[PDB]
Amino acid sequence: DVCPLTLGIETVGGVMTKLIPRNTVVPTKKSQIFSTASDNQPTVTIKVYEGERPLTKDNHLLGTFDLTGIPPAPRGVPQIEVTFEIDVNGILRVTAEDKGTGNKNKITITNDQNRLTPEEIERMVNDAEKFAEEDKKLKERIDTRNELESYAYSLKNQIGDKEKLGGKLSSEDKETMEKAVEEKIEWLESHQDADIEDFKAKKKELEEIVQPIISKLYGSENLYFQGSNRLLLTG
């Protein structure tokens, strides 16, 4: 037996993130490490969805649960492992664990809880075929946006981290780059609608300030700063 629909969770931006792909045989176990969407975020909300659309508003909610007691850390560093366990019966168990503290939380979802009619399931597949290219383009834009944000958040963290980049750095380099990533982050908050080229343009701008600095803090001109690309969850 296989999964009728792709299973996953909602990430920042109402974004569907795949955990169990459609037509995956049961039983199966699949996991992915996520992180916080906010600085000093003590809680992450896990929302479970089924569907083939890039935005969770077009998919179907199966359930939700919280993971609390997360130690104060910058955005993107808490290690939240989310696991999807399906057994033969169709029982879905979703777990969220902090890899640092070992604090878990779980939800058990039975196939009868919020069961979709076969007409609903087909309509969801028909929609994913009908909007296949529009959803293909939206996904690539979302991936480009999240990459720029990962790159922006990682920098702001490293600039503050004395054990790594912040230690090697100096002023005016520290003030130059902090102001620069702050200006890009402020832009992002009011430009989630932006097209692929605008996201791509804003990064190349941030890089032409970061790279000349990185190139001389360390020896090579072949060293580039890159973000964790960790997907984020709201709380």
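We number the residues from 1 along the sequence you see.
Between 159-167 and 139-147, the higher mean Cα B-factor belongs to 159-167.
As the entry records it, the average C-alpha temperature factor is higher for 197-205, out of 48-56 and 197-205. Take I20, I213, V12, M16 and read off each C-alpha B-factor from the entry; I213 has the highest.
For the set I86, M124, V82, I107, the PDB entry assigns the largest Cα B-factor to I86. Remark: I33 belongs to the highest third of its chain, ranked by C-alpha B-factor as recorded.
The entry lists a Cα temperature factor for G63 that places it in the lowest third of the chain's modelled residues.
Residue-level temperature factors show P27 in the highest third of its chain, judged at the C-alpha atom. Sorting the modelled residues of the chain by their CA temperature factor places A96 in the lowest third. Ranked against the other modelled residues of its chain, the C-alpha B-factor of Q113 as given in the entry falls in the highest third.
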